[PDB]
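In the structure tokens that follow, the same protein chain appears in two forms, which are kept apart as structure 1 and structure 2.
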Structure 1
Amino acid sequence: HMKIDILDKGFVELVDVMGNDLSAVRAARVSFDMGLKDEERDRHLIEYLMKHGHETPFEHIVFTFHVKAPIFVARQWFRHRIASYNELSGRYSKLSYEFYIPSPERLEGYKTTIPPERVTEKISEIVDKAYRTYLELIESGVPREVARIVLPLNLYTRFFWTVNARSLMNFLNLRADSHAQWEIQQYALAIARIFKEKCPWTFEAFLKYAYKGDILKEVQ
């Protein structure tokens, strides 16, 4: 159970895993009517599959994560269809006062007419007003599913994500990359760390031969 904190209140937590590097090896070797051999040959096979684009053996390694993220990050995340999701419902749950407030450092490198600290304050102010309106509508008898429509996109949500290593590697190619929004790159970095810990050979081979993004080769 590895847990990595992301942003001001979010996290990525490993809930469960099926298999390891040898799961991909065993699945690849069935093609030749073979099974496992030895650490050197098996690790060499992992590198071979990654170098030649033999991706299907990696589908037999599966992960389950527990993620707490702002809704704008979850909307980008939930576009990855080759995976399983189960999320907190704003129709049935009374939502908590938990929102992503960017730190002033998030606006570094941008020439802004107002200080980054003031942008942080303006964002906090609007979430405070929206959350107060939400509670007022709830207390006045407005059904939850309608009252929440005033809540901003930085509202924190929670979800379970079940994904295989092949789809997870596609997620890393697209999200652990400077073109993805900074907030989701941070989440992808945490996914990469858990992946590296559970599948060191696959992760190392992935970075070496198949990884298409840019930030995982620069950030340890």
Structure 2
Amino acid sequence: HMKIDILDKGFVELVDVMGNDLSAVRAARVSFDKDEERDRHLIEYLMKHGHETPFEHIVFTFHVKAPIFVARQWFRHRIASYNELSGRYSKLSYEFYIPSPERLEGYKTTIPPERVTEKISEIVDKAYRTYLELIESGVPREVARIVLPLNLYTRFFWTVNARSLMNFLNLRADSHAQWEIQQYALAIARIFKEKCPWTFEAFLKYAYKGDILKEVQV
């Protein structure tokens, strides 16, 4: 069971996986039926020459809890399946991402980093209180929720294949992506490396365009 905590209340949990490195080998050769040195050489060959389609036969299902600003960027990856918690089939919860003062250390600010954390905490408390007041007064949830901030946490199931997951890592596991989604991508890369060590090693060696996966050990 793999569950990695992210940010202050998030997580990336592995729900299920179909296949391993050999699923890509089996799909490339088109045979059910092996040989570590030969099959690992095939994985590297496929990656080096751009034959990425065999990697689509390795599938993962994740359960991610993330703030709406992180989820909005994540959901931009169209070649995947998503099902977000809406409150139609299960209980809806209300938590927010408050950045720690360490997040701001590095930027020259006129007010202490701690004070920024305080100001953020304060406005989300006010918006949440306003939401509850509107709910208590009979305003439908769909209307009342529009005042809630972008740091509101949401939960979703993500079903994605290894090829689309590698595209996600190229873009999100990189210093140009927002720090919050970099953290989420590191957790995805960690679970991916655990289930597909050969594919992950070949990806870093031949196809990976980002920077943080070659520096940070997953």
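The first residue in the sequence of structure 1 is number 1, and each one after it adds one. For the two forms, the rigid core is made up of the largest set of C-alpha atoms that agree within 1.5 Å on superposition.
- Measuring CA movement between the two structures with the rigid core aligned, the set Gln76, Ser93, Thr133, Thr120 has one residue at 2 Å or more: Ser93.
- In the core-superposed comparison between the two structures, the CA atom of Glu108 travels 1.6 Å.
- Core-based alignment between the two structures gives a C-alpha movement of 0.2 Å at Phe63.
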